[PDB]
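Peer 1: Protein chains in written order, with UniProt numbering: chain G, 157 to 208; chain Y, 1 to 57.
Each residue gets a CB set at the ideal place from its N, CA and C atoms; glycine is no exception.
(1) Taking buried to mean at least 16 other C-beta atoms within 10 Å of its own C-beta, is residue 33/Y buried or exposed?
(2) To the nearest whole angstrom, what separates the beta carbons of residue 181/G and residue 161/G, a pair I think is in contact under 8 angstroms?
(3) When we look at the beta-carbon of residue 57/Y and count the other beta-carbons within 10 Å, is it buried (16 or more) or exposed?
(4) In terms of DSSP beta bridges, what is residue 11/Y paired with?
(5) If we count Cβ pairs, one from each stretch, closer than 8 angstroms, do we get three or more for the region 10-19 of chain Y versus the region 198-206 of chain G?
(6) Within the region 10-51 of chain Y, note down every full alpha helix (DSSP H) run reaching 4 residues or more, in order along the chain.
(7) Any idea if residue 49/Y is buried or exposed, counting beta-carbon neighbours within 10 angstroms, 16 or more meaning buried?
(8) So, is the C-beta of residue 183/G closer than 7 angstroms to a C-beta in chain Y?
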């Protein structure tokens, strides 16, 4: 879940591997702005996955 | 600012008319939306969906 490879000094390669939080394309992100998760967001996420 | 007419008075919210129309359908299960009692955005309130008479479209 929380891997990160560019954690060496200067931004070089580290010892860990990139996780899901980094391999996901930044375009496919829905920000809730600190609110509750409701029923309507599931359909939006499904549409985001389906259009690709 | 979207104007909503309730039984008692009138309240305002950020969400557009299409979103509030979607919240008023039978298949949805949510029942609360965010808004303000006055257009100056001074006091925040939590609005019950089923108390809305009509939306000032």
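Peer 2: With the structure as the only source:
(1) The count along the second chain starts at 1 and reaches residue 33/Y at position 33. Flag for residue 33/Y reads buried.
(2) Counting from one through the first chain, the residue named residue 181/G turns up at place 25. Counting from one through the first chain, the residue named residue 161/G turns up at place 5. The Cβ separation is near 17 angstroms, so there is no contact.
(3) Counting from one through the second chain, the residue named residue 57/Y turns up at place 57. So residue 57/Y ends up on the exposed side.
(4) Taking the first residue of the second chain as 1, we reach residue 11/Y at position 11. Partner(s): 4/Y.
(5) no
(6) 17-23
(7) Position 49 of the second chain, counting from 1, holds the residue named residue 49/Y. Classification for residue 49/Y: exposed.
(8) The residue given as residue 183/G occupies position 27 in the first chain. Not one chain Y Cβ lies under 7 angstroms of residue 183/G.
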